[PDB]
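Below: one structure, written as C-alpha cells.
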Amino acid sequence: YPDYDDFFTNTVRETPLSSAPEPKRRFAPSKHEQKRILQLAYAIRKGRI
Amino acid sequence: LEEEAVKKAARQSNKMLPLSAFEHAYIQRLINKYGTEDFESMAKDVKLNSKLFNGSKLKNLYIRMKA
Amino acid sequence: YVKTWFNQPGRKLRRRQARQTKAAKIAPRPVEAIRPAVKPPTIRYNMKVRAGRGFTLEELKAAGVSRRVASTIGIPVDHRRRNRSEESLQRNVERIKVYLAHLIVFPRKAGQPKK
Amino acid sequence: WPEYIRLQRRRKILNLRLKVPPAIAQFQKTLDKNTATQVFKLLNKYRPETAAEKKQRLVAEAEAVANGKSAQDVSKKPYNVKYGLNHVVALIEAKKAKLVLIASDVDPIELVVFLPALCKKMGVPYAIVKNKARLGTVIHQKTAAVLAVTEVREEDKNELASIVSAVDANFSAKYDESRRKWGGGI
Amino acid sequence: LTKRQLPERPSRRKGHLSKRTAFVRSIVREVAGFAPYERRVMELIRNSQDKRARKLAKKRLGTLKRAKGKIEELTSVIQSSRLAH
Amino acid sequence: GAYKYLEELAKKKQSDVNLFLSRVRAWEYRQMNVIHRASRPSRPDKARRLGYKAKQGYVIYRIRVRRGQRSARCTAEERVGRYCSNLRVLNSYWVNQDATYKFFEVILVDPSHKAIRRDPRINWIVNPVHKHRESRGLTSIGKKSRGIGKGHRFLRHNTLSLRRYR
Amino acid sequence: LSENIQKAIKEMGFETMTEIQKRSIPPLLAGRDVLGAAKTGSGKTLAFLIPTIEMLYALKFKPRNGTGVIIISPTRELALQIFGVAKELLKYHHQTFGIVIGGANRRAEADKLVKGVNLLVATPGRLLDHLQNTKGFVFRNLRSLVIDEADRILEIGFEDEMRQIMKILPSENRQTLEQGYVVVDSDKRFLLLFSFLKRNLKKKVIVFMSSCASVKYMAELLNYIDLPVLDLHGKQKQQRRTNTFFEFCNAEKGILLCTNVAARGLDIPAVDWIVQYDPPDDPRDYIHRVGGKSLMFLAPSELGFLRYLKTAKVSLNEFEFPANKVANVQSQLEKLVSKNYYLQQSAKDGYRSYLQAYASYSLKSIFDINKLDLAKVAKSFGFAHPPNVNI
RNA sequence: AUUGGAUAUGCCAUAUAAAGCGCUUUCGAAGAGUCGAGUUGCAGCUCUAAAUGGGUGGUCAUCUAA
RNA sequence: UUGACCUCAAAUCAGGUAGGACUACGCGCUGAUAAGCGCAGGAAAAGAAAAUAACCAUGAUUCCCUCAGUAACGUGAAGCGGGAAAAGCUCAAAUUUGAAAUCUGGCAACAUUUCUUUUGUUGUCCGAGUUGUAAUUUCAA
C-alpha cells in the first residue's frame, strides 16, 4: 500500500491537446436549427401547426 | 437510342437556379456594401455574412443572381 | 456416396434461362460489366493476359471516371489491386477509354424545386 | 429481511472495510454543504433550455420567417452549462472548460475516475459534488454525470472568479493528502 | 518494365501513435497504478537487480520483446517520479 | 470522449484500480442470481463498441460461469439465449473473473420491438435466419471457436464424381 | 518570352529587367548554368524563376510528369517569398506549383507531392525527407535544381545536406543554378506597440515582422480595433504591393507593416520611427539596413542580440516609457480573438509561423526556442491558452 | 382482378439545403484476460502485452485480427 | 414532515413475444462417418483479407474442372490457371456544443390496403436518451 505516484500529472500542461482547427459551424447560427425552423415554417403554409 | 438520349437531355439540360426571397436579399445586402468583384473579403465580413459563407459560395449564388 | 451429373443438361439451360431473365430488365445494357486486363502472377503465366476483378483507383482517375460515378455505369472497382508499372496502367486506360467511347448513358430528370 | 436488503447494507460496508486505491479514495471526500449551494446557484441561470420551451421559441421564430421577418442576423451566441461525459472530456482536452463538476455516485466508477487526474493535468479547476441526480436536476435530466461551465456572460465573470476561488481553496487546496493515500479499511 | 513509385496505403499507418493517444496512455498509466508483479519489478529496477529484473519479466510476460518493453516502460516512471517526488 | 480513456483503462486489468473494482463487483455479482438483468452495461465502452446502442430494445444481461469443455464465453451466449427466448444475441464480452467464476455480459436485441424494426442499422436481425444465432455457432466467439476465418491456419472428396461422359 | 507569362508579368507589375537579370535571363533561357552571386533584393527571386517556369513550359508537362524542377530555399521567410512569386507567375500556366518548408504538416506536405508538383519550392531540411524517407515522391524527371543564397544556406548549419541530398537526385543531363532598443516582457510585446501606434498616430512609422503571416494577422486586428494601417505584402498580390510601397513612401506620416524579407531591397524612406516587432534573423543584413529613428522591442530572454550588436561595435540606447502608461486592453483582445472566426484563424496561423521563426533563428545562442516562455507569447497575440501548434 | 420496374404528364416539395473533385502553410482517432508464451484433452488451467505496432510469408514483400 | 435519484419488487395492468411438428438439403455439440442433443431457411453456411504470392504480380465468398493421387506424412492438400456468378458495405474510436438535430409509446385527425383483416403520415402529451439517441467517417480512407 504505497502512496500515489503522480509522476506525470504532477505538473500542468499549458497547450490544448487536439490540434484540428476550430470548425466554422461554432461561429454562426446553428444550421441544425435553421433547418428546424424551415420545417416549422413550411408547416404553417400547409396549416398543420 | 442516340436521339432519345439527346433530346431528353436537351430540355432537361438547363440547371439555372433562381434564388429565394431571402437568398436574393442576403446577397443583395452584401453586394451593395462592397461592390460586385471583391468576393474574397466577404468571408471576413462580421455582420452581413452571418452564415459565414465561403468566398466561393457567394460567387456561386452571384451567378445564380443574374442568369 | 456419388456425384451424378444427370442435371448437367439442366443447369446449362437453367443458367441459360436465368441469363436471359437477367437481360430482360437490363434490355439495353450488357449482362456483365467490363473487366480489366491483368497479368497472372506466377512465373508460369506472367506472359498471359486475362480478365480480372475491377479497375484500380488510379486506372479510373486517369480515365476520367470517379470512384462514385464508376459503379453506376457498370465499371467494377478493385480497391485492392494497385498499378505497379506503367504497362499495367496504360493497357487498362485503353479498356476504359474505349468503353466510355462506346457507351451512351440515358439522361435523367432532376428534382430542382421551382417557384 | 427481504432477499435483497441484506446485500444493500453489505455493499455499503464493503466499500468501507476494503482498501480503496488513491484514485477512488477521493470520490468519497466531497465538496461540502455550503460551497455546494453557490455553485448550483450560479448554474441555475445557465440551464439548457427545456426541450418543450425551446420548441416554443422555435414556433415563434418560424412564424415571422413565414411572413418575411427574421432574427438569425441578430441572434447572439447562446450560453448554458455544458453537460454529457463525452462532450466534457473534449472541453477539458481543448482547455475550454473552466469549472468541471464530478458526481460522487457514478455506478461504474471508471466513467469518471480519470477526470480528477485530467483536470489536475489540464489546469481546469475541479470539484467532486454529491448526488449525480442533483446535477441531473440542473439540466432537466434523470441522472447527469458531469457538468461544465465553459463561458458565462460578462454578467457573472466576476462572480465566477470568486466561486472558483472557493472551489480550489476548499477541495483542491485541502483534500491534498487523502487523494494521495489509500482509503477504506475502517 | 517502367516501374512506378506507389504512394503508401492509408492502412499501413496503423501502429503509429498520435499525440492524443500518447496523452491518453500517460494519464491512465498512473491513474490505474501498477499490477501485482509490476510493483515487484519497480523495486528491482530501483536498487539495480537488473539481471534479476529481466529474469522475472521474461518468465511472466513470455517474450523478451515484451520483457524489454516493460523495462523501457517502467524505467521512465522512476526517472519521472524522482522529479515529482 | 470518455471511451478512449475507458478502453486503455480496461486493459490494465490487474492494476490496483482494476483489481479493486474486480473484488468489489465480484462480490455483488455473486450474491445476485446466476443470470440477472443489468440496467446499464458495466463496461459501457466495450458494449458500445461491440454493438450496443443505448436505446429501447437493447438488453444487457450478465452471467457467471464455472471455470475448469465448450468455451465458457460461448455458453454464456447460449445460457442467456435459453433464458431469453425472444431476445436476439449480438455479442458477449468479459467483465470480471475470480478463482471460481468468470463473469460476462451479453447484448440482446428484441426483434419485435418497433424501434429495432424501424432502424436500418440493426434491421438485419429481425430476419428469421437469425433465430438462435448462439446455437448454430454464428456469433463473435462461435465463429472463432469453429475456425471460421481467412488464413492458411484455419463428403467433398469422400464421394466419387461420376460424370455422364467419361 | 511566352505571351501567357508576359501578360501575367504585365499584370505582376514588372517590365524592365534588372541589370543582373539582364546578364542572367539571356543565358538561363538558353540553358546556360550561372553561378549566381547577387545582392539582397536584386531581382534574384523573379529572374531565376522566369526562365525556370518557361523551361518546364517548353517541355509542356502535365501534372503526372513528376517534379521537373526544384528551387532550394534556405528559410521559411524566403520560401514564402519564393513560392509567392511562383504562385503569382504561373497562374496562366497549367501544372502545379507549391512550397515545402520546415515546420509544417509532414503528411499534408507529402500528400501534395504524391500527385506530382512541377515547381516544388523546398527548404534544405524537408527536401532531404523527400528523396530518402517518403515513398511515392518521384523526382527523377527533373530538368534543373535551382539553388539560392549559397552564402546563407552554408551558414544555416545544414552545409552537409546540400551535397548529400544532391547525390541521390538527378544530376546528369540537368544544369544547376546607433540603434534603439526596448526591453519588453514576453507578455506586453504588442502592448507597447498598441500604445505606440496610438501615441504616434501622426508620424512616419514602419513596423517590421519576421513572418509573412505575422503581418497577415496583426494588420487585421489593427483595423478591427479602430487603427487602420497599410501593409507592404497584401495577399501576396504584386499589383497592390507595388502601389502600397509607392503610397507609403509618398506618405509623410503613417504606419507601414511589412515582413523583413520583402523589405530587403525596397526603398526604405525616412521613417520617423522604424519598428521590428519580431527579432531579426539575419545578423549582417539587419544591421546594414539601418544605414528619423529606429527602435525594436527586445525580448526579455533575448539579450544576446544586444550583446551581439555591442560586440559588432554598434551603439544602442533603451528609450523607456512608464509601464502604467501601457494600456491594459488585453481583455478585449481576448474577446475579439474569441468571437471573430477570421481574426482567430489569422491569430492562430499568425502565431504558428511566428514561433517557427524562433525555431529557424540563425542566432542560435541569442534566440532559443526551448529557452523562452510559451505562455506569455500568446496573451500578446490574443489567445488565452496558446493554440495547438506542432512545435 | 391483384401486382413489377419503368415512360410521358399533372400536383406537391421546401433547396437558407445535400453530394462528386480539385486545392491543400491543418489534421487524420482504428476494437484486450484478446494477441502471446508455458502447459493438459481447437478447447482447459497458470501467466499476461504493444504502437510503424501487430499477423502471415521470403532485411524485404504483403495484410490490418480480437 | 416533504422531494428527487438508484436498486429491487407487485399487477388477469397496456401491447408483444418463446416453446411444438417436418428435418432431403444447412450449421453447431459431444460421438462408438452411424446413433443421440441443439438450431434455421428457401436455401443455408461463407464473404468483402490480420489472403496468396516472390511474378511484368494476383484481389470478398461460393461452386465445377484442373492442379493430383501431386507436394507433405495407407492417408492426402493448397497457390496458379480455366469456368459459372460477380455487389458491395455498416458501426466503435474526433465536440451536434451556435442549442438531443434522435426514438418508442398514449390520445386525436388524415389517409392507405392483397385486406373493412394491411401499412403509414401529421398534430399532441408523457416516456426513453447526455453512463450518448441522430448528422459525419470506416483506412479503399
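Identifiers in this document derive from the order of the C-alpha cells: chains are assigned A, B, ..., residues are numbered from 1 separately in each chain, and ligands are numbered from 1 in order of occurrence.
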Would you list the contacts of residue G:150 as a PyMOL selection string, taking every protein, DNA or RNA residue within 10 Å and counting only C-alpha atoms (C1' of nucleotides), but skipping same-chain residues closer than 5 positions in sequence?
chain G and resi 35-37+72-74+155-156+159+162
What's around stretch 120-125 of chain I at 9 Å? Count only C-alpha atoms (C1' of nucleotides), leave out sequence neighbours fewer than 5 positions away in its own chain, and write the answer as a PDB file with C-alpha atoms (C1' of nucleotides), in the first residue's frame.
ATOM      1  CA  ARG A  48     -50.843  21.792 -39.687  1.00  0.00           C
ATOM      2  CA  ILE A  49     -49.347  23.893 -36.855  1.00  0.00           C
TER       3      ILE A  49
ATOM      4  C1'   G I 106     -50.824   7.099 -25.281  1.00  0.00           C
ATOM      5  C1'   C I 107     -54.615  10.057 -27.493  1.00  0.00           C
ATOM      6  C1'   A I 108     -56.835  12.521 -31.871  1.00  0.00           C
ATOM      7  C1'   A I 109     -57.274  13.558 -37.014  1.00  0.00           C
ATOM      8  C1'   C I 110     -55.683  12.168 -42.339  1.00  0.00           C
ATOM      9  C1'   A I 111     -55.034   8.533 -45.302  1.00  0.00           C
ATOM     10  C1'   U I 112     -53.936   3.757 -47.179  1.00  0.00           C
TER      11        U I 112
END
Chain C: which residues are strand (DSSP E or B) by DSSP, as a JSON list (two decimals) with N, CA, C and O atoms, in the first residue's frame?
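Below is the file part.json, written as the result:
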[["chain", "number", "residue", "atom", "x", "y", "z"],
["C", 2, "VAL", "N", -22.05, -40.84, -54.21],
["C", 2, "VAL", "CA", -21.60, -40.45, -55.54],
["C", 2, "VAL", "C", -21.99, -39.01, -55.86],
["C", 2, "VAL", "O", -22.58, -38.31, -55.03],
["C", 3, "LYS", "N", -21.65, -38.57, -57.06],
["C", 3, "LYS", "CA", -21.97, -37.23, -57.55],
["C", 3, "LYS", "C", -22.40, -37.42, -59.00],
["C", 3, "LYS", "O", -21.57, -37.41, -59.91],
["C", 4, "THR", "N", -23.69, -37.62, -59.21],
["C", 4, "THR", "CA", -24.21, -37.95, -60.54],
["C", 4, "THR", "C", -24.60, -36.69, -61.30],
["C", 4, "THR", "O", -25.20, -35.77, -60.73],
["C", 37, "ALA", "N", -7.72, -5.96, -67.77],
["C", 37, "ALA", "CA", -6.77, -6.95, -68.28],
["C", 37, "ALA", "C", -5.57, -6.96, -67.34],
["C", 37, "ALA", "O", -4.81, -5.99, -67.30],
["C", 38, "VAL", "N", -5.41, -8.05, -66.60],
["C", 38, "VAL", "CA", -4.39, -8.15, -65.56],
["C", 38, "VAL", "C", -3.55, -9.39, -65.82],
["C", 38, "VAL", "O", -4.06, -10.43, -66.24],
["C", 50, "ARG", "N", -5.59, -11.87, -68.89],
["C", 50, "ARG", "CA", -6.94, -12.37, -68.69],
["C", 50, "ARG", "C", -7.73, -11.32, -67.92],
["C", 50, "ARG", "O", -7.17, -10.36, -67.38],
["C", 51, "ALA", "N", -9.04, -11.50, -67.90],
["C", 51, "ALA", "CA", -9.90, -10.57, -67.18],
["C", 51, "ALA", "C", -9.71, -10.73, -65.68],
["C", 51, "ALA", "O", -9.48, -11.83, -65.18],
["C", 55, "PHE", "N", -11.23, -2.20, -62.00],
["C", 55, "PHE", "CA", -10.25, -1.17, -62.31],
["C", 55, "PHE", "C", -9.82, -0.48, -61.02],
["C", 55, "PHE", "O", -10.64, -0.21, -60.15],
["C", 77, "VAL", "N", -14.71, -1.87, -59.64],
["C", 77, "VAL", "CA", -13.57, -1.25, -59.00],
["C", 77, "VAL", "C", -12.92, -2.28, -58.08],
["C", 77, "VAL", "O", -13.60, -3.07, -57.43],
["C", 85, "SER", "N", 3.45, -0.84, -62.45],
["C", 85, "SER", "CA", 4.19, -0.37, -63.62],
["C", 85, "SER", "C", 3.26, 0.35, -64.58],
["C", 85, "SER", "O", 2.04, 0.11, -64.58]]
Need the shell around residue H:20: protein/DNA/RNA residues with any atom at most 9 Å away, counting only C-alpha atoms (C1' of nucleotides). Skip same-chain ones fewer than 3 positions apart. Format as a ChimeraX atom specification?
/C:66,68-69
Expected file: the selected residues, C-alpha atoms, as a PDB file, in the first residue's frame:
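Written out: result_5.pdb:
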ATOM      1  CA  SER C  66     -14.540   8.916 -60.341  1.00  0.00           C
ATOM      2  CA  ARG C  68     -18.517   7.072 -57.181  1.00  0.00           C
ATOM      3  CA  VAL C  69     -19.771   7.500 -60.764  1.00  0.00           C
TER       4      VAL C  69
END
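Neighbouring residues of residue I:5 at 10 Å or closer, counting only C-alpha atoms (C1' of nucleotides) and skipping chain neighbours under 5 positions away, are residues 131, 132, 133, 134, 136, 137, 142 and 143 of chain D.
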Starting from chain C, keep only residues with some atom at most 12 Å from an atom of chain B, counting only C-alpha atoms, and report them as a VMD selection string.
chain C and resid 28 to 29 102 to 115
